[PDB]
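Trainee: Next comes the structure file data.cif, holding mmCIF, C-alpha atoms.
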```cif
data_target
loop_
_atom_site.label_atom_id
_atom_site.label_comp_id
_atom_site.auth_asym_id
_atom_site.auth_seq_id
_atom_site.Cartn_x
_atom_site.Cartn_y
_atom_site.Cartn_z
CA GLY A 1 41.83 -43.49 41.87
CA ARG A 2 38.20 -44.00 42.91
CA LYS A 3 35.90 -46.05 40.67
CA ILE A 4 32.18 -45.48 40.03
CA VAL A 5 29.40 -47.52 38.41
CA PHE A 6 26.24 -46.09 36.83
CA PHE A 7 23.18 -48.30 36.42
CA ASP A 8 20.03 -47.64 34.37
CA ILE A 9 16.75 -49.22 35.57
CA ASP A 10 14.78 -51.17 32.94
CA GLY A 11 16.31 -54.53 32.08
CA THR A 12 19.34 -53.58 34.17
CA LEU A 13 18.57 -53.14 37.88
CA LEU A 14 14.99 -54.38 37.55
CA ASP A 15 14.03 -57.57 35.72
CA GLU A 16 11.12 -58.16 33.35
CA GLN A 17 8.64 -58.34 36.24
CA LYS A 18 10.14 -55.07 37.47
CA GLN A 19 11.49 -56.82 40.56
CA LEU A 20 14.90 -56.35 42.14
CA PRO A 21 17.12 -59.47 41.85
CA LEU A 22 18.62 -60.86 45.04
CA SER A 23 22.07 -61.04 43.39
CA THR A 24 21.87 -57.37 42.43
CA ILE A 25 21.33 -56.34 46.05
CA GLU A 26 24.39 -58.49 46.84
CA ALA A 27 26.29 -56.91 43.97
CA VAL A 28 25.60 -53.34 45.08
CA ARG A 29 26.46 -54.47 48.61
CA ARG A 30 29.91 -55.82 47.69
CA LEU A 31 30.48 -52.77 45.51
CA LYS A 32 29.93 -50.37 48.43
CA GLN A 33 32.06 -52.15 51.04
CA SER A 34 34.72 -52.27 48.34
CA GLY A 35 34.85 -48.49 48.05
CA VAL A 36 33.27 -48.36 44.58
CA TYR A 37 30.76 -45.52 44.14
CA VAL A 38 27.26 -46.63 43.06
CA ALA A 39 24.88 -44.40 41.11
CA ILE A 40 22.03 -44.40 38.59
CA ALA A 41 21.71 -42.83 35.13
CA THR A 42 18.31 -43.10 33.53
CA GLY A 43 15.85 -41.39 31.25
CA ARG A 44 13.22 -41.90 33.94
CA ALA A 45 11.89 -39.16 36.17
CA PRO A 46 13.11 -39.08 39.80
CA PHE A 47 9.73 -39.93 41.31
CA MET A 48 9.46 -42.84 38.89
CA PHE A 49 12.32 -44.85 40.42
CA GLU A 50 12.27 -43.59 44.03
CA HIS A 51 11.54 -47.12 45.25
CA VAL A 52 14.68 -48.45 43.56
CA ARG A 53 16.78 -45.78 45.26
CA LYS A 54 15.21 -46.54 48.63
CA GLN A 55 15.76 -50.27 48.19
CA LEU A 56 19.41 -49.99 47.15
CA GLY A 57 20.15 -46.89 49.17
CA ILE A 58 21.30 -44.83 46.19
CA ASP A 59 21.08 -41.04 46.49
CA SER A 60 23.22 -39.91 43.53
CA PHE A 61 21.82 -40.10 40.03
CA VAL A 62 21.37 -38.71 36.56
CA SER A 63 17.68 -38.50 35.67
CA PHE A 64 15.61 -37.16 32.77
CA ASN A 65 18.51 -38.23 30.55
CA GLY A 66 20.81 -35.72 32.23
CA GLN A 67 18.37 -32.84 32.67
CA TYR A 68 18.21 -33.45 36.41
CA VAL A 69 21.33 -34.62 38.24
CA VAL A 70 21.43 -35.24 41.98
CA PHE A 71 24.60 -35.75 43.99
CA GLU A 72 24.17 -37.22 47.47
CA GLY A 73 20.70 -35.85 48.08
CA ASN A 74 21.43 -32.46 46.51
CA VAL A 75 20.63 -31.01 43.14
CA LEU A 76 23.91 -30.84 41.26
CA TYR A 77 22.43 -29.80 37.92
CA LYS A 78 19.03 -28.99 36.47
CA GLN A 79 17.90 -27.88 33.03
CA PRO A 80 14.10 -27.76 32.68
CA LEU A 81 12.26 -27.11 29.41
CA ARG A 82 11.89 -23.47 28.43
CA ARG A 83 8.73 -22.13 30.09
CA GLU A 84 7.71 -20.17 26.99
CA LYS A 85 7.94 -23.31 24.86
CA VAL A 86 5.97 -25.50 27.24
CA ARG A 87 3.19 -22.92 27.15
CA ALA A 88 3.10 -22.68 23.35
CA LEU A 89 2.99 -26.48 23.19
CA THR A 90 0.16 -26.61 25.71
CA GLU A 91 -1.93 -24.01 23.93
CA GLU A 92 -1.22 -25.66 20.59
CA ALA A 93 -2.08 -29.13 21.88
CA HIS A 94 -5.24 -27.70 23.47
CA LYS A 95 -6.40 -26.22 20.17
CA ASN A 96 -6.13 -29.74 18.74
CA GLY A 97 -7.88 -31.47 21.62
CA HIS A 98 -4.68 -33.32 22.46
CA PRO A 99 -3.93 -33.58 26.16
CA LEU A 100 -0.53 -33.20 27.81
CA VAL A 101 1.00 -34.42 31.04
CA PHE A 102 3.65 -32.26 32.72
CA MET A 103 6.49 -33.92 34.63
CA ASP A 104 8.74 -32.11 37.11
CA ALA A 105 11.14 -33.77 39.56
CA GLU A 106 8.33 -34.82 41.90
CA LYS A 107 5.13 -35.55 39.99
CA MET A 108 2.91 -35.49 36.91
CA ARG A 109 -0.19 -33.50 36.07
CA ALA A 110 -2.61 -33.71 33.13
CA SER A 111 -3.95 -30.74 31.18
CA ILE A 112 -7.20 -32.65 30.75
CA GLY A 113 -8.85 -35.00 33.22
CA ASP A 114 -10.48 -38.35 32.54
CA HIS A 115 -9.16 -38.56 28.96
CA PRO A 116 -9.33 -41.93 27.06
CA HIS A 117 -5.78 -41.79 25.67
CA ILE A 118 -4.22 -40.99 29.02
CA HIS A 119 -6.17 -43.81 30.67
CA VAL A 120 -5.20 -46.53 28.22
CA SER A 121 -1.57 -45.54 27.76
CA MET A 122 -0.86 -44.73 31.41
CA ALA A 123 -2.51 -47.95 32.46
CA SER A 124 -0.19 -49.86 30.12
CA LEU A 125 2.53 -48.47 32.39
CA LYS A 126 0.42 -49.64 35.34
CA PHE A 127 -0.36 -46.06 36.33
CA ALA A 128 -3.61 -44.28 37.12
CA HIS A 129 -4.64 -41.14 35.26
CA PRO A 130 -2.59 -38.25 36.70
CA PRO A 131 -4.44 -35.52 38.66
CA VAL A 132 -5.58 -32.65 36.46
CA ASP A 133 -3.84 -29.26 36.56
CA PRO A 134 -3.89 -27.42 33.18
CA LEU A 135 -1.60 -24.68 34.47
CA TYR A 136 0.85 -26.81 36.45
CA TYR A 137 3.75 -25.66 34.26
CA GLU A 138 3.29 -21.96 35.12
CA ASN A 139 5.25 -22.06 38.38
CA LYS A 140 7.04 -25.39 38.11
CA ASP A 141 10.12 -26.79 36.38
CA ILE A 142 8.81 -29.08 33.67
CA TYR A 143 11.59 -31.40 32.53
CA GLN A 144 9.36 -33.47 30.28
CA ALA A 145 5.90 -33.74 28.75
CA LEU A 146 3.71 -36.51 27.41
CA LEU A 147 1.75 -35.73 24.25
CA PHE A 148 -1.36 -37.84 23.86
CA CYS A 149 -2.10 -38.10 20.15
CA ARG A 150 -1.67 -40.67 17.39
CA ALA A 151 1.38 -40.76 15.12
CA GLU A 152 -0.71 -39.56 12.17
CA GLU A 153 -1.09 -36.35 14.17
CA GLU A 154 2.39 -35.54 15.57
CA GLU A 155 3.48 -33.85 12.33
CA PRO A 156 2.73 -30.22 13.35
CA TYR A 157 4.19 -30.66 16.82
CA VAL A 158 7.41 -32.11 15.48
CA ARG A 159 7.43 -29.37 12.82
CA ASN A 160 6.69 -26.45 15.19
CA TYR A 161 8.98 -27.54 18.00
CA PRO A 162 12.47 -28.33 16.64
CA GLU A 163 13.91 -27.54 20.07
CA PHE A 164 12.04 -30.64 21.22
CA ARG A 165 12.35 -34.32 20.32
CA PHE A 166 9.49 -36.82 20.15
CA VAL A 167 9.83 -40.50 21.02
CA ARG A 168 6.61 -42.51 20.78
CA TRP A 169 6.04 -45.22 23.40
CA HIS A 170 2.38 -46.03 22.78
CA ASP A 171 -0.27 -45.81 20.07
CA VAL A 172 -1.75 -42.70 21.70
CA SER A 173 1.20 -41.19 23.60
CA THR A 174 4.67 -39.83 22.89
CA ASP A 175 7.46 -38.44 25.08
CA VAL A 176 8.31 -34.77 24.48
CA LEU A 177 11.99 -34.32 25.30
CA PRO A 178 14.54 -31.47 25.23
CA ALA A 179 16.99 -31.54 22.31
CA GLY A 180 20.09 -30.70 24.31
CA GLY A 181 21.28 -32.97 27.10
CA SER A 182 22.37 -36.57 27.64
CA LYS A 183 23.16 -39.13 30.34
CA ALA A 184 26.82 -38.86 29.31
CA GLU A 185 26.92 -35.14 30.05
CA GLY A 186 25.22 -35.90 33.35
CA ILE A 187 27.62 -38.73 34.15
CA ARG A 188 30.40 -36.33 33.23
CA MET A 189 29.30 -33.53 35.58
CA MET A 190 29.21 -35.92 38.50
CA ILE A 191 32.61 -37.55 38.04
CA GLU A 192 34.03 -34.03 37.91
CA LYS A 193 32.42 -33.22 41.27
CA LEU A 194 33.61 -36.60 42.54
CA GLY A 195 37.11 -36.14 41.16
CA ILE A 196 36.75 -39.37 39.22
CA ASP A 197 38.13 -39.97 35.74
CA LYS A 198 36.43 -41.23 32.56
CA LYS A 199 38.53 -44.39 32.52
CA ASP A 200 37.40 -45.18 36.07
CA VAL A 201 33.70 -45.14 35.19
CA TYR A 202 31.51 -48.17 34.43
CA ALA A 203 27.91 -48.31 33.20
CA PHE A 204 25.22 -50.92 32.68
CA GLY A 205 22.44 -50.38 30.18
CA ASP A 206 19.90 -52.31 28.15
CA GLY A 207 18.16 -49.99 25.71
CA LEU A 208 18.92 -47.94 22.61
CA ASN A 209 18.79 -44.95 24.94
CA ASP A 210 21.92 -46.23 26.73
CA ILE A 211 24.22 -46.19 23.71
CA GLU A 212 25.35 -42.59 24.28
CA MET A 213 26.17 -43.63 27.87
CA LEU A 214 27.89 -46.97 27.23
CA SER A 215 29.92 -45.16 24.59
CA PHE A 216 31.13 -42.37 26.84
CA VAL A 217 32.17 -44.29 29.97
CA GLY A 218 35.50 -46.06 30.21
CA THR A 219 33.75 -49.42 30.49
CA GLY A 220 30.25 -49.77 29.10
CA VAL A 221 28.40 -52.98 29.88
CA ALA A 222 25.52 -54.02 27.64
CA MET A 223 23.19 -56.78 28.73
CA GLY A 224 22.19 -60.28 27.77
CA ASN A 225 19.29 -59.56 25.46
CA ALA A 226 19.92 -55.85 24.90
CA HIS A 227 19.46 -54.52 21.35
CA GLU A 228 22.25 -55.56 19.00
CA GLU A 229 23.23 -51.91 18.52
CA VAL A 230 23.65 -51.57 22.28
CA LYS A 231 26.04 -54.50 22.49
CA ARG A 232 28.04 -53.16 19.54
CA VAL A 233 29.07 -50.01 21.38
CA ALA A 234 29.65 -51.91 24.62
CA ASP A 235 33.02 -52.90 26.06
CA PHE A 236 31.47 -56.02 27.55
CA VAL A 237 28.29 -58.06 27.17
CA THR A 238 27.04 -59.75 30.33
CA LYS A 239 24.17 -62.20 30.93
CA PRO A 240 20.52 -61.10 31.09
CA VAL A 241 19.14 -59.37 34.21
CA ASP A 242 17.22 -62.61 34.60
CA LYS A 243 20.48 -64.56 35.02
CA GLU A 244 22.49 -62.56 37.58
CA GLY A 245 23.70 -60.28 34.80
CA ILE A 246 24.74 -57.40 37.06
CA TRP A 247 26.52 -59.71 39.50
CA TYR A 248 28.29 -61.85 36.91
CA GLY A 249 29.34 -58.78 34.97
CA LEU A 250 30.71 -56.98 38.00
CA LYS A 251 32.60 -60.16 38.84
CA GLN A 252 34.16 -60.62 35.40
CA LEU A 253 35.15 -56.96 35.52
CA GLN A 254 36.93 -57.73 38.79
CA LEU A 255 34.99 -55.00 40.62
CA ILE A 256 33.69 -57.44 43.23
#
```
Output the file's structure as structure tokens, nothing else.
Mentor:
Amino acid sequence: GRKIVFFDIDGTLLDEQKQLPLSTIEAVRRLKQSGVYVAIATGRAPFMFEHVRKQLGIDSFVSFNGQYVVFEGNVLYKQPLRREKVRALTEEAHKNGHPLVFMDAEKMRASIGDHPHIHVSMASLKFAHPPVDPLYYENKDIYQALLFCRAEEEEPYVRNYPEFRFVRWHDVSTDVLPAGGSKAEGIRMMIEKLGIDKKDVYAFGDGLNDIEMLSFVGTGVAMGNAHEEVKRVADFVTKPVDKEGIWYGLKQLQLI
């Protein structure tokens, strides 16, 4: 039956300079005219990789690690954080002078404007300080939050919010994620809607966060310099994104 390939963004579709390789555009091209379905599965927020979708013409994807799945321009599945819990977190973070940034499918908003930790960390991502809206979560679907505090301070948050998971990405900022959910469960929901079968699914990843995915699909492709534990669970290890990794891999796999 029909075959489908899921790509993640960092180190996979985009290179180290965050540019789109010429050979990847070719790859996706050949893949489409060949009848193979192309999609994306990432931990990123939709608005964070809109340019990639526009460039490759991809409108089906698993985002927020499976908490927001879109099939051909439409929302197939969505599981935002529990409103009550986002509030409690906000109020608790506020009491501690720790700011938060709320992310929904379209944008981000800070609970505190012009804050030093948001500036430095967000700038490391090459982003300006998000506009300030302390009550943005009240009538919006918040799929994720950014907690701006040091590690020596996350203890209470981690302790008081077991339904959440914390993954630090900067000295003064950590991702606040939902416990339930995964790219694999997102990838699963889509192949069911597409009538595709596990064995007919392929996936390219680069980070620790892709293990669950590479493990679940019929053919998981790890990449050149991906973490050793990512290659371990992979069914195939291709070259780095820097060396036509997507193209070469798709070739070896006889997909193009």
Trainee: Can you tell me, as a list in words, what residues are no more than 8 Å from residue 151 of chain A when counting all atoms listed in the file, ignoring any on the same chain fewer than 4 positions away?
Mentor: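 Surrounding residues, per the criterion: residues 155, 168, 171 and 172 of chain A.
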Trainee: Compile a residue-level contact table for segment 130-227 of chain A against segment 42-60 of chain A at a cut-off of 12 Å, reporting for every qualifying residue the shortest atom pair and its distance in Å to one decimal, with only C-alpha atoms counted, rows ordered by chain and ascending number, as CSV.
Mentor:
```
residue,atom,partner,partner_atom,distance
A:142,CA,A:45,CA,10.8
A:143,CA,A:45,CA,8.6
A:144,CA,A:45,CA,8.6
A:145,CA,A:45,CA,11.0
A:167,CA,A:43,CA,11.9
A:175,CA,A:43,CA,10.8
A:177,CA,A:43,CA,10.0
A:178,CA,A:43,CA,11.7
A:181,CA,A:43,CA,10.8
A:182,CA,A:43,CA,8.9
A:183,CA,A:42,CA,7.0
A:184,CA,A:42,CA,10.4
A:186,CA,A:42,CA,10.0
A:187,CA,A:42,CA,10.3
A:189,CA,A:60,CA,11.9
A:190,CA,A:60,CA,8.8
A:191,CA,A:60,CA,11.1
A:193,CA,A:60,CA,11.6
A:194,CA,A:60,CA,10.9
A:203,CA,A:42,CA,10.9
A:204,CA,A:42,CA,10.5
A:205,CA,A:42,CA,9.0
A:206,CA,A:42,CA,10.8
A:207,CA,A:42,CA,10.4
A:208,CA,A:43,CA,11.3
A:209,CA,A:43,CA,7.8
A:210,CA,A:42,CA,8.3
A:211,CA,A:42,CA,11.9
A:212,CA,A:42,CA,11.6
A:213,CA,A:42,CA,9.7
```
Trainee: Neighbouring residues of residue 133 of chain A were defined as those with any atom within 8 Å, considering all atoms listed in the file; residues of the same chain fewer than 4 positions away were excluded. Please report them as a PyMOL selection string.
Mentor: chain A and resi 109-112
Trainee: List, as a list in words, every residue that the PyMOL selection byres ((chain A and resi 108) around 9) selects in the file provided.
Mentor: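 For this structure, the PyMOL selection byres ((chain A and resi 108) around 9) captures residues 101, 102, 103, 104, 105, 106, 107, 109, 110, 130, 131, 132, 136 and 145 of chain A.
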Trainee: Please, which residues in segment 147-232 of chain A fall within 7 Å of segment 87-99 of chain A when counting only C-alpha atoms, and what is the closest atom pair and distance in Å to one decimal for each, ordered by chain then residue number, as JSON lines?
Mentor:
```
{"residue": "A:147", "atom": "CA", "partner": "A:99", "partner_atom": "CA", "distance": 6.4}
{"residue": "A:148", "atom": "CA", "partner": "A:99", "partner_atom": "CA", "distance": 5.5}
{"residue": "A:149", "atom": "CA", "partner": "A:98", "partner_atom": "CA", "distance": 5.9}
```
Trainee: Please list as a ChimeraX atom specification every residue within 10 Å of residue 219 of chain A, counting all atoms listed in the file and excluding residues in the same chain fewer than 6 positions away.
Mentor: /A:5,198-204,213,234-236,253
